[PDB]
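Trainee: Structure file run.cif (mmCIF, N, CA and C atoms) is given on the next line.
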```cif
data_entry
loop_
_atom_site.label_atom_id
_atom_site.label_comp_id
_atom_site.auth_asym_id
_atom_site.auth_seq_id
_atom_site.Cartn_x
_atom_site.Cartn_y
_atom_site.Cartn_z
N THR A 1 0.37 0.18 -14.53
CA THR A 1 0.88 1.45 -13.93
C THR A 1 1.62 1.18 -12.63
N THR A 2 2.60 2.03 -12.33
CA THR A 2 3.39 1.89 -11.12
C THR A 2 2.56 2.21 -9.88
N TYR A 3 2.41 1.22 -9.01
CA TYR A 3 1.64 1.39 -7.78
C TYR A 3 2.55 1.63 -6.59
N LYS A 4 2.22 2.64 -5.78
CA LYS A 4 3.03 2.97 -4.61
C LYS A 4 2.24 2.76 -3.32
N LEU A 5 2.90 2.16 -2.33
CA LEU A 5 2.26 1.90 -1.04
C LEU A 5 3.20 2.25 0.11
N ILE A 6 2.66 2.89 1.14
CA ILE A 6 3.44 3.29 2.30
C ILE A 6 2.71 2.94 3.59
N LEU A 7 3.39 2.22 4.48
CA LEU A 7 2.80 1.83 5.75
C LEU A 7 3.48 2.53 6.92
N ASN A 8 2.68 3.06 7.83
CA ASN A 8 3.21 3.75 9.00
C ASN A 8 2.77 3.07 10.29
N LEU A 9 3.65 2.25 10.85
CA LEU A 9 3.35 1.53 12.09
C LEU A 9 3.60 2.42 13.30
N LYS A 10 3.38 1.86 14.49
CA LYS A 10 3.59 2.59 15.73
C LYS A 10 5.08 2.77 16.00
N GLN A 11 5.89 1.89 15.45
CA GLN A 11 7.34 1.95 15.65
C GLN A 11 8.07 1.22 14.52
N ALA A 12 7.66 1.48 13.28
CA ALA A 12 8.28 0.85 12.12
C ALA A 12 7.73 1.42 10.82
N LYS A 13 8.47 2.36 10.24
CA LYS A 13 8.06 2.99 8.98
C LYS A 13 8.50 2.15 7.79
N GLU A 14 7.53 1.64 7.04
CA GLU A 14 7.82 0.82 5.87
C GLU A 14 7.13 1.38 4.63
N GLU A 15 7.90 1.58 3.57
CA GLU A 15 7.37 2.11 2.32
C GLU A 15 8.06 1.48 1.12
N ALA A 16 7.29 1.22 0.06
CA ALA A 16 7.84 0.62 -1.15
C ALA A 16 7.00 0.97 -2.37
N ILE A 17 7.42 0.48 -3.53
CA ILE A 17 6.71 0.74 -4.78
C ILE A 17 6.62 -0.52 -5.63
N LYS A 18 5.41 -0.83 -6.10
CA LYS A 18 5.19 -2.01 -6.93
C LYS A 18 4.35 -1.67 -8.15
N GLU A 19 4.74 -2.20 -9.31
CA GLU A 19 4.02 -1.95 -10.55
C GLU A 19 2.92 -3.00 -10.75
N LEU A 20 1.80 -2.57 -11.33
CA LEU A 20 0.68 -3.47 -11.58
C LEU A 20 -0.08 -3.05 -12.83
N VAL A 21 -1.26 -3.62 -13.03
CA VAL A 21 -2.09 -3.30 -14.19
C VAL A 21 -3.31 -2.48 -13.79
N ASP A 22 -3.98 -2.91 -12.73
CA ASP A 22 -5.17 -2.22 -12.24
C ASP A 22 -5.12 -2.10 -10.72
N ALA A 23 -6.14 -1.47 -10.14
CA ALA A 23 -6.20 -1.29 -8.70
C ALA A 23 -6.76 -2.53 -8.02
N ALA A 24 -7.78 -3.13 -8.62
CA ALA A 24 -8.38 -4.34 -8.07
C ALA A 24 -7.30 -5.35 -7.71
N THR A 25 -6.41 -5.59 -8.66
CA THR A 25 -5.30 -6.50 -8.45
C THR A 25 -4.30 -5.89 -7.49
N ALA A 26 -4.03 -4.59 -7.67
CA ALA A 26 -3.11 -3.90 -6.79
C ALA A 26 -3.52 -4.14 -5.35
N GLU A 27 -4.78 -3.83 -5.06
CA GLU A 27 -5.35 -4.03 -3.74
C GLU A 27 -5.08 -5.45 -3.26
N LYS A 28 -5.09 -6.39 -4.19
CA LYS A 28 -4.84 -7.79 -3.85
C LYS A 28 -3.39 -7.97 -3.40
N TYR A 29 -2.48 -7.42 -4.19
CA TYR A 29 -1.06 -7.50 -3.89
C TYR A 29 -0.68 -6.56 -2.75
N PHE A 30 -0.91 -5.27 -2.98
CA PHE A 30 -0.59 -4.23 -2.01
C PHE A 30 -1.13 -4.57 -0.62
N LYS A 31 -2.38 -5.02 -0.55
CA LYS A 31 -2.98 -5.38 0.73
C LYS A 31 -2.29 -6.60 1.34
N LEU A 32 -1.98 -7.58 0.50
CA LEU A 32 -1.32 -8.79 0.96
C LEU A 32 0.05 -8.46 1.55
N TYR A 33 0.67 -7.40 1.05
CA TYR A 33 1.98 -6.97 1.52
C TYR A 33 1.85 -6.28 2.87
N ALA A 34 0.99 -5.27 2.93
CA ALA A 34 0.78 -4.51 4.16
C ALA A 34 0.25 -5.40 5.28
N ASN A 35 -0.44 -6.47 4.91
CA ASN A 35 -1.00 -7.39 5.89
C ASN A 35 0.03 -8.43 6.32
N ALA A 36 0.98 -8.72 5.44
CA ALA A 36 2.02 -9.70 5.74
C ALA A 36 3.25 -9.03 6.35
N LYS A 37 3.76 -8.00 5.67
CA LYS A 37 4.94 -7.28 6.14
C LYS A 37 4.67 -6.61 7.48
N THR A 38 3.62 -5.79 7.53
CA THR A 38 3.27 -5.07 8.75
C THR A 38 1.78 -5.25 9.07
N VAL A 39 1.21 -4.32 9.84
CA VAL A 39 -0.20 -4.40 10.21
C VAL A 39 -1.06 -3.61 9.23
N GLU A 40 -2.35 -3.93 9.19
CA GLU A 40 -3.28 -3.25 8.30
C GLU A 40 -4.28 -2.41 9.08
N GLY A 41 -4.10 -1.10 9.04
CA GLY A 41 -5.00 -0.20 9.75
C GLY A 41 -5.82 0.65 8.79
N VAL A 42 -5.74 1.97 8.96
CA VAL A 42 -6.47 2.88 8.09
C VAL A 42 -6.02 2.73 6.65
N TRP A 43 -6.86 3.16 5.73
CA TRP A 43 -6.56 3.04 4.31
C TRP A 43 -6.94 4.31 3.55
N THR A 44 -5.93 5.08 3.16
CA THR A 44 -6.15 6.32 2.42
C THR A 44 -5.54 6.22 1.02
N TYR A 45 -6.39 6.17 0.01
CA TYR A 45 -5.94 6.06 -1.37
C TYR A 45 -5.76 7.44 -2.00
N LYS A 46 -4.77 7.55 -2.89
CA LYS A 46 -4.49 8.81 -3.56
C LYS A 46 -4.73 8.68 -5.07
N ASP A 47 -5.57 9.56 -5.61
CA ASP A 47 -5.88 9.54 -7.03
C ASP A 47 -4.98 10.50 -7.80
N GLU A 48 -3.70 10.51 -7.45
CA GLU A 48 -2.74 11.38 -8.12
C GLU A 48 -1.84 10.57 -9.05
N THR A 49 -1.63 9.31 -8.71
CA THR A 49 -0.80 8.43 -9.52
C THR A 49 -0.85 7.01 -8.99
N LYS A 50 -2.04 6.58 -8.58
CA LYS A 50 -2.22 5.23 -8.04
C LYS A 50 -1.35 5.02 -6.80
N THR A 51 -1.76 5.63 -5.69
CA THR A 51 -1.01 5.51 -4.45
C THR A 51 -1.89 4.97 -3.33
N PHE A 52 -1.32 4.10 -2.50
CA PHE A 52 -2.04 3.50 -1.39
C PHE A 52 -1.37 3.86 -0.06
N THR A 53 -2.16 4.31 0.90
CA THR A 53 -1.63 4.69 2.21
C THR A 53 -2.38 3.97 3.33
N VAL A 54 -1.65 3.20 4.12
CA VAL A 54 -2.25 2.47 5.23
C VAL A 54 -1.36 2.53 6.47
N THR A 55 -1.96 2.84 7.61
CA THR A 55 -1.20 2.93 8.85
C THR A 55 -1.99 2.36 10.03
N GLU A 56 -1.27 1.96 11.07
CA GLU A 56 -1.90 1.39 12.26
C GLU A 56 -0.95 1.41 13.45
#
```
Mind turning this structure into structure tokens?
Mentor:
Amino acid sequence: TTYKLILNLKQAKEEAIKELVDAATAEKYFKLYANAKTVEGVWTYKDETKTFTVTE
């Protein structure tokens, strides 16, 4: 399923979309992205269509 992730920094809005199979793996990829691309703060997941929200 298509996984969506959006990061909201203090001065850098970054958002993208990545397809995966499950959330466990998504969390692996999605988290690795938010942790590498930007910072990893709060984590709000959406059960509407596999969406990940993290800001710091």
Trainee: Give me the residues within 10 Å of residue 6 in chain A as a JSON list (two decimals) with N, CA and C atoms, keeping the file's coordinate frame, counting only C-alpha atoms and dropping any in the same chain fewer than 4 places off.
Mentor:
```json
[["chain", "number", "residue", "atom", "x", "y", "z"],
["A", 13, "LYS", "N", 8.47, 2.36, 10.24],
["A", 13, "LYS", "CA", 8.06, 2.99, 8.98],
["A", 13, "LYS", "C", 8.50, 2.15, 7.79],
["A", 14, "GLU", "N", 7.53, 1.64, 7.04],
["A", 14, "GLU", "CA", 7.82, 0.82, 5.87],
["A", 14, "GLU", "C", 7.13, 1.38, 4.63],
["A", 15, "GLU", "N", 7.90, 1.58, 3.57],
["A", 15, "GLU", "CA", 7.37, 2.11, 2.32],
["A", 15, "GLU", "C", 8.06, 1.48, 1.12],
["A", 16, "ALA", "N", 7.29, 1.22, 0.06],
["A", 16, "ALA", "CA", 7.84, 0.62, -1.15],
["A", 16, "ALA", "C", 7.00, 0.97, -2.37],
["A", 17, "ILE", "N", 7.42, 0.48, -3.53],
["A", 17, "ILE", "CA", 6.71, 0.74, -4.78],
["A", 17, "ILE", "C", 6.62, -0.52, -5.63],
["A", 30, "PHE", "N", -0.91, -5.27, -2.98],
["A", 30, "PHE", "CA", -0.59, -4.23, -2.01],
["A", 30, "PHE", "C", -1.13, -4.57, -0.62],
["A", 34, "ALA", "N", 0.99, -5.27, 2.93],
["A", 34, "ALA", "CA", 0.78, -4.51, 4.16],
["A", 34, "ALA", "C", 0.25, -5.40, 5.28],
["A", 51, "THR", "N", -1.76, 5.63, -5.69],
["A", 51, "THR", "CA", -1.01, 5.51, -4.45],
["A", 51, "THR", "C", -1.89, 4.97, -3.33],
["A", 52, "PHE", "N", -1.32, 4.10, -2.50],
["A", 52, "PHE", "CA", -2.04, 3.50, -1.39],
["A", 52, "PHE", "C", -1.37, 3.86, -0.06],
["A", 53, "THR", "N", -2.16, 4.31, 0.90],
["A", 53, "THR", "CA", -1.63, 4.69, 2.21],
["A", 53, "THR", "C", -2.38, 3.97, 3.33],
["A", 54, "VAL", "N", -1.65, 3.20, 4.12],
["A", 54, "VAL", "CA", -2.25, 2.47, 5.23],
["A", 54, "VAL", "C", -1.36, 2.53, 6.47],
["A", 55, "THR", "N", -1.96, 2.84, 7.61],
["A", 55, "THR", "CA", -1.20, 2.93, 8.85],
["A", 55, "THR", "C", -1.99, 2.36, 10.03]]
```
Trainee: Give me, as a VMD selection string, all polymer residues having an atom no more than 6.5 Å from residue 50 in chain A, counting all atoms listed in the file and skipping those fewer than 4 positions away in the same chain.
Mentor: chain A and resid 2 to 4 46
Trainee: With 6 Å as the threshold, what does the neighbourhood of (3.7, -1.1, -13.7) contain in terms of residues, counting only C-alpha atoms? Coordinates are those of the file; answer as a list in words.
Mentor: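 Looking at atoms near the point gives residues 1, 2, 19 and 20 of chain A.
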Trainee: Just list as a list in words whatever in chain A DSSP marks as alpha helix (DSSP H).
Mentor: residues 23, 24, 25, 26, 27, 28, 29, 30, 31, 32, 33, 34, 35 and 36 of chain A
Trainee: CA of residue 21 in chain A to atom N of residue 56 in chain A: how many Å, to one decimal?
Mentor: 25.8 Å
Trainee: In Å, with one decimal, what is the gap from CA of residue 24 in chain A to CA of residue 12 in chain A?
Mentor: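 Distance between the two atoms: 26.7 Å.
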Trainee: Just give me the gap between atom N of residue 45 in chain A and atom N of residue 27 in chain A in Å, one decimal is fine.
Mentor: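 Computed distance, atom N of residue 45 in chain A to atom N of residue 27 in chain A, equals 11.3 Å.
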Trainee: Return as a ChimeraX atom specification the full set of residues in chain A whose backbone-based DSSP assignment is strand (DSSP E).
Mentor: /A:2-8,13-19,42-46,51-55
Trainee: First collect every listed atom of range 25-44 of chain A; then fit an axis-aligned box around them, widen it by 3 Å on each side, and give centre and edge lengths in Å to one decimal, as AutoDock Vina command-line options.
Mentor:
```
--center_x -1.0 --center_y -1.7 --center_z 0.8 --size_x 17.9 --size_y 22.0 --size_z 24.9
```
